[PDB]
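Protein sequence lines, in the order shown, are assigned to chains A, B, C and D. Take the first sequence: its letters are residues 291 to 526, numbered as in my numbering. Take the second sequence: its letters are residues 291 to 526, numbered as in my numbering. Take the third sequence: its letters are residues 98 to 109, numbered as in my numbering. Take the fourth sequence: its letters are residues 98 to 109, numbered as in my numbering. Have a look at the structure below, then the notes.
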Amino acid sequence: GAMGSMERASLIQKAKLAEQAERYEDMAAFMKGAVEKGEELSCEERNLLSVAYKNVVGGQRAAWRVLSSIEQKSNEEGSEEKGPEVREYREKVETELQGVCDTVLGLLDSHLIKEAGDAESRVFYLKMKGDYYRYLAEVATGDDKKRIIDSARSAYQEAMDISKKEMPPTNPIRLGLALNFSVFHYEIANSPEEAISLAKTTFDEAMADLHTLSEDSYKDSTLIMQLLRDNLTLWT
Amino acid sequence: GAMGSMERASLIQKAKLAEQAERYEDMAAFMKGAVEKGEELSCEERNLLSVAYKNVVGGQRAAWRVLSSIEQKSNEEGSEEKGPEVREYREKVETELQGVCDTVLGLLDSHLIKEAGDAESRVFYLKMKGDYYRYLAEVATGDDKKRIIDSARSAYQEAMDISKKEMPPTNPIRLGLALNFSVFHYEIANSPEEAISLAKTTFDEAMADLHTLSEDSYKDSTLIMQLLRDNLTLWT
Amino acid sequence: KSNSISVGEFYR
Amino acid sequence: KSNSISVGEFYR
Ligand SMILES: [Ca+2]
Ligand SMILES: [Ca+2]
Ligand SMILES: [Ca+2]
Ligand SMILES: [Ca+2]
Ligand SMILES: [Cl-]
Ligand SMILES: [Cl-]
Ligand code: NA
Ligand code: NA
Numbered sequence: 291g292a293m294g295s296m297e298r299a300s301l302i303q304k305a306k307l308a309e310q311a312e313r314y315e316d317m318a319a320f321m322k323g324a325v326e327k328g329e330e331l332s333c334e335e336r337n338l339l340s341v342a343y344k345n346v347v348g349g350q351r352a353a354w355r356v357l358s359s360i361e362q363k364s365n366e367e368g369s370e371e372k373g374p375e376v377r378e379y380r381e382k383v384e385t386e387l388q389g390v391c392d393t394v395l396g397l398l399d400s401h402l403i404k405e406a407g408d409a410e411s412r413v414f415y416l417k418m419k420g421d422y423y424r425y426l427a428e429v430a431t432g433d434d435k436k437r438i439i440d441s442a443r444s445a446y447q448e449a450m451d452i453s454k455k456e457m458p459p460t461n462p463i464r465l466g467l468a469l470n471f472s473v474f475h476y477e478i479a480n481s482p483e484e485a486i487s488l489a490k491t492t493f494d495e496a497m498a499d500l501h502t503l504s505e506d507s508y509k510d511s512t513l514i515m516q517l518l519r520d521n522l523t524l525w526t
Numbered sequence: 291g292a293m294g295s296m297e298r299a300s301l302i303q304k305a306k307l308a309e310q311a312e313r314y315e316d317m318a319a320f321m322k323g324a325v326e327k328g329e330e331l332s333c334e335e336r337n338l339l340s341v342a343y344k345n346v347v348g349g350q351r352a353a354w355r356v357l358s359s360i361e362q363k364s365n366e367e368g369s370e371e372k373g374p375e376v377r378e379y380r381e382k383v384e385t386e387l388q389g390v391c392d393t394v395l396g397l398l399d400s401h402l403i404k405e406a407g408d409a410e411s412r413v414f415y416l417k418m419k420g421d422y423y424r425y426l427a428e429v430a431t432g433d434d435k436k437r438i439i440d441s442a443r444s445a446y447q448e449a450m451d452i453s454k455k456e457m458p459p460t461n462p463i464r465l466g467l468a469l470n471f472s473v474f475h476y477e478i479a480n481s482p483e484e485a486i487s488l489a490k491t492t493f494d495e496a497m498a499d500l501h502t503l504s505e506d507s508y509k510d511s512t513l514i515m516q517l518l519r520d521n522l523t524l525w526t
Numbered sequence: 098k099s100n101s102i103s104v105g106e107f108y109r
Numbered sequence: 098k099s100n101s102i103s104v105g106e107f108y109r
């Protein structure tokens, strides 16, 4: 790897600089280098890894959706034939997106998840595994769509089981996991009723636990609860 | 070049798709491929080339400014020593920025400018040459800063001479050239009085020519005139 | 589009 | 920062 000669601490320092400069591709490459040093990641380092790749893949997903929409319109009756270029370029962006997801999944498999023993790290990484399989599922159309969807579901489910046993209902990792699993149910798994039920139960159980929290934790938890409510408003 | 096997028309089509997807690095690579086919560019194709590289270099300049500011703060008295990482990463971004500018300047030199005979193409390319030398000057600190500044000045000056002889004072290319040359005077050449005089004279001469224009041309010209006025408000 | 969240983005 | 302009961006 091109980051093999850089100190772990220097990679983390530069990831933070890249974040300030909104250079998320650089940030992701620095954090990949840090993961590949082989040591476990602290809470802050996990957040840096997540921010970096979320921004990279977010740009790719937005571009893929623009290109896919143009492609679909070109395949409607009455549409003038424009050649293979739209499909080719959508395929190019799709392949790069798949590459980023495979990179993240590879870091989780080698060897972040297997070394993660605490609930906060293990749930975080399993949620990420669900998220990146979900992004693969958004573009999947072939013989492996079902298996990609099941891989996402499985990762989310293991994360949910741990989070329910080991974390309070207001924990932001638990809340963000439930939010994203609910989106999986609505957008990927054709299960809007499961999505609504999960969002509602997650919101209500967090509400009942807010009284235990400090002002700062209260602000963290209620911010994510508002996202659950925003989805429930969209879905109902 | 990696675009050598793609049809010129396909590269232009894909540049337009990349623009819609806000994939400006791809857009620039497609337009570079189109330039390297060796044919002259139409007005629309010149605009695509300009949009693509402006967005790429704009991201680099914004990141460089963030990193340069952090670096300057680290060199103030009382600042804790953090090692070489800030300088190294600023240098990395700076080198990539310089590479993009050199790429654009190379396309203009091989061989867009020498084949550009009409005022609208020649002024456009010479303004671009001034702009990309100006971006090199923003980061220059060594023995070639003076020569980079003079290269920018020379390109802008040739563009100005042609534009004044061959285009009306409301022509958007002429107006945008004068705007950018005025910024060169203010920000690069330590000549705020020249910047103000140029912006004022350009604005007043365009104002007097607006009566000759259609409604659509009037809208184009007044939009750029507002930018001259916005600078005059900042500078005076 | 439904709202999702990155835990790192939320914290960072 | 002073305002500059890309002619292509203005048209496109
Ligand atoms: Ca070491
Ligand atoms: Ca129902
Ligand atoms: Ca051909
Ligand atoms: Ca004066
Ligand atoms: Cl392509
Ligand atoms: Cl670096
Ligand atoms: Na797993
Ligand atoms: Na020249």
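Beta carbons: idealized from backbone N, C-alpha and C, even for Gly.
**Message:** So with CB distances below 7 Å, who are the chain D contacts of B:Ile-439?
**Reply:** For the purposes of this step, residue 439 of chain B is identified with residue 149 of the second sequence, where counting begins at 1. B:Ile-439 does not reach chain D, its nearest Cβ partner there being about 16 Å away, counting only Cβ pairs nearer than 7 Å.
* With DSSP collapsed to three states, give me the class of C:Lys-98. => The count along the third sequence starts at 1 and reaches residue 98 of chain C at position 1. Here DSSP, grouped into helix, strand and coil, assigns C:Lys-98 to coil.
### Contacting positions in the region 458 to 476 of chain A - beta carbon closer than 7 Å to chain C
Correct list: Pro-462, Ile-463, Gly-466, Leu-469, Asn-470, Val-473, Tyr-476.
When you measure from the CB of A:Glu-448 to every non-hydrogen atom of ligand 7, does any distance come out below 7 Å? Working through the first sequence from its first residue, we reach residue 448 of chain A at position 158. Yes; taking the cut-off as 7 Å, the Cβ of A:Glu-448 has a heavy atom of ligand 7 nearer than that.
Fill in: Interface partners of A:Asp-520 on chain C, CB under 7 Å
Indexing the first sequence from 1 puts residue 520 of chain A at position 230. Under a criterion of Cβ atoms nearer than 7 Å, the residues of chain C adjacent to A:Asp-520 are, in order, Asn-100.
| Closer than 7 Å, Cβ to any Cβ of chain B: which residues of the region 314 to 344 of chain A, in chain order? | Taking 7 Å as the Cβ-Cβ cut-off, the region 314 to 344 of chain A has no residue approaching chain B.
DSSP-derived helix/strand/coil call for A:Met-296: Here residue 296 of chain A corresponds to residue number 6 of the first sequence, with the count starting at 1. In this structure, A:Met-296 counts as coil in the three-state DSSP scheme.
TODO: Specify, as a first and last residue, the run of the alpha helix (DSSP H) that A:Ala-468 falls within.
DONE: Your numbering for residue 468 of chain A matches position 178 in the first sequence. Taken as a continuous stretch (DSSP letters only), the alpha helix (DSSP H) holding A:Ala-468 covers 462 to 473.
Note to self: Any heavy atom of ligand 8 closer than 7 Å to the beta-carbon of B:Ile-478?
What the structure shows: By 1-based counting over the second sequence, the position of residue 478 of chain B is 188. Not so, every heavy atom of ligand 8 lies at least 7 Å from the Cβ.
Closer than 7 Å by beta-carbon distance: list the chain B residues that pair up with A:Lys-363, in chain order. Locating residue 363 of chain A in the first sequence gives position 73, counting from the first residue. Going along chain B, no residue has its Cβ under 7 Å from A:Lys-363, so there is no contact; the nearest lies around 12 Å.
Quick one: residues in its chain with C-beta nearer than 8 Å to the C-beta of A:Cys-391, no 5 flanking neighbours on either side, listed in chain order?
Position 101 of the first sequence, counted from the start, is the residue given in the question as residue 391 of chain A. Answer for A:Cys-391: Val-347, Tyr-422, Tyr-423, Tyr-425, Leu-426, listed in chain order.
Comparing alpha-carbon positions, which option in B:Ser-364, B:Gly-466, B:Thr-512 lies nearest B:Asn-337? Start at 1 with the first residue of the second sequence, and residue 337 of chain B comes out as number 47. Checked all of B:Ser-364, B:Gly-466, B:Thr-512; the closest Cα to B:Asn-337 is B:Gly-466.
Relative to ligand 1, what is the chain-ordered list of residues with a Cβ closer than 7 Å to any of its non-hydrogen atoms? Ordered along the chain, the selected set is A:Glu-297, A:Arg-298.
Measuring alpha carbon to alpha carbon, tell me which of B:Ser-358, B:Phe-471, B:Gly-396, B:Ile-439 ends up nearest B:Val-376.
In the second sequence, residue 376 of chain B corresponds to position 86, counting from 1. Closest option to B:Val-376, Cα to Cα, is B:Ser-358.
**Prompt:** Given a threshold of 16 other Cβ atoms within 10 Å of its Cβ, counted over all protein chains shown, does A:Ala-485 qualify as buried or as exposed?
**Reply:** Residue mapping note: residue 485 of chain A aligns to position 195 of the first sequence, counting from 1. By the neighbour-count criterion, in which a residue is buried when 16 or more other Cβ atoms sit within 10 angstroms of its Cβ, A:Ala-485 is buried.
**OP:** With a threshold of 16 other CB atoms inside 10 Å of the CB of B:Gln-350, please say whether the residue is buried or exposed.
**Re:** Taking the first residue of the second sequence as 1, we reach residue 350 of chain B at position 60. It is buried - the Cβ of B:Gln-350 has at least 16 other Cβ atoms within 10 Å.
Near ligand 8: A:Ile-463 beta-carbon under 7 Å from a heavy atom: Within the first sequence, the letter at position 173 stands for residue 463 of chain A. Not so, every heavy atom of ligand 8 lies at least 7 Å from the Cβ.
Check: Just how far apart, CA to CA, sit B:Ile-452 and A:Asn-521?
Finding: Taking the first residue of the second sequence as position 1, residue 452 of chain B is located at position 162. Taking the first residue of the first sequence as position 1, residue 521 of chain A is located at position 231. Near 58 Å, if we compare the C-alpha coordinates of A:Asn-521 and B:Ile-452.
* Using a Cβ-Cβ cut-off of 8 Å (strictly less than) and excluding sequence neighbours within five positions of residue 270 of chain B, which residues of its own chain qualify? -> In the structure as shown, chain B starts at 291 and stops at 526, and residue 270 of chain B therefore has no counterpart that could be examined.
For A:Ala-409, which option in A:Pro-462, A:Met-457, A:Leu-524 has the closest C-alpha, if you only look at C-alpha atoms? Working through the first sequence from its first residue, we reach residue 409 of chain A at position 119. Considering only alpha carbons, the answer is A:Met-457.
- Going by other Cβ atoms of all chains shown within 10 Å of its Cβ, with 16 needed for buried, is A:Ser-487 buried or exposed? Along the first sequence, one-based indexing puts residue 487 of chain A at 197. By the beta-carbon neighbour count (other beta carbons within 10 angstroms, threshold 16), A:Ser-487 is exposed.
Cβ-based neighbour list, A:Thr-512, same chain, cut-off 8 Å, excluding 5 preceding and 5 following
As a position in the first sequence, residue 512 of chain A is number 222, starting the count at 1. Same-chain partners within the cutoff: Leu-500.
Worksheet entry | Helix, strand or coil at B:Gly-389 according to DSSP, with G and I counted as helix | Residue numbering aside, residue 389 of chain B sits at position 99 when the second sequence is read from its first letter. In the three-state reduction of the DSSP assignment, B:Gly-389 falls in the helix class, which pools H, G and I.
Using the rule of at least 16 other Cβ atoms within 10 Å of the residue's Cβ for burial, across every protein chain shown, is A:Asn-365 buried or exposed? Counting from one through the first sequence, the residue named residue 365 of chain A turns up at place 75. Exposed: under 16 other Cβ atoms inside 10 Å.
- request: Could I get the ranges of all uninterrupted alpha helix (DSSP H) runs contained in the region 374 to 426 of chain A, with 4 residues as the minimum, in chain order?
  value: Whole alpha helix (DSSP H) segments, 4+ residues: 375 to 397.
Measuring only the C-alpha atoms, how far is A:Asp-434 from A:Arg-519? Numbered from 1 along the first sequence, position 144 holds the residue referred to as residue 434 of chain A. Numbered from 1 along the first sequence, position 229 holds the residue referred to as residue 519 of chain A. Spanning the alpha carbons of A:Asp-434 and A:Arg-519 requires a straight line of approximately 33 Å.
Report the three-state DSSP secondary structure of A:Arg-519 (helix, strand or coil). Position 229 of the first sequence, counting from 1, holds the residue named residue 519 of chain A. The answer is helix: DSSP assigns A:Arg-519 an H, G or I state.
Margin query: Using 8 Å as the cut-off, can you tell me whether the region 398 to 414 of chain B makes contact with the region 434 to 443 of chain B, which would need three or more C-beta pairs spanning the two stretches below that distance?
Written below: No, they do not touch.
Let me see if you follow: with CB-CB separation under 8 Å, is B:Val-346 close to chain A or not? Here the question's residue 346 of chain B lines up with position 56 in the second sequence. With its beta carbon at least 8 Å from every one in chain A, B:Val-346 lies outside the interface.
ask   = At least one CB of chain D closer than 8 Å to the CB of residue 580 of chain B: is that the case?
value = Missing from the structure shown is residue 580 of chain B; chain B here goes from 291 to 526 and no further.
message: Using the three-state DSSP reduction, which class does B:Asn-365 fall into: helix, strand or coil?
response: Mapped onto the second sequence, residue 365 of chain B falls at position 75. Under the three-state reduction of DSSP, B:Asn-365 is assigned to coil, being neither helix nor strand.
How would you write the range of the alpha helix (DSSP H) that B:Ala-442 sits in, first residue to last?
The residue given as residue 442 of chain B occupies position 152 in the second sequence. Segment 435 to 456, the alpha helix (DSSP H) holding B:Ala-442.
Exercise for the section: Could you tell me whether the Cβ atoms of C:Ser-103 and A:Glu-477 are closer together than 8 Å? Expected result: The sequence position of residue 103 of chain C within the third sequence is 6, counting from 1. The sequence position of residue 477 of chain A within the first sequence is 187, counting from 1. Taking C-beta atoms as the reference points, C:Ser-103 and A:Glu-477 fail to come closer than 8 Å.
Can you say whether B:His-475 is buried or exposed, counting buried as having 16 or more other CB atoms within 10 angstroms of its CB? Counted from its first residue, the second sequence places residue 475 of chain B at position 185. Residue environment for B:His-475: buried (at least 16 other C-beta atoms within 10 angstroms of its C-beta).
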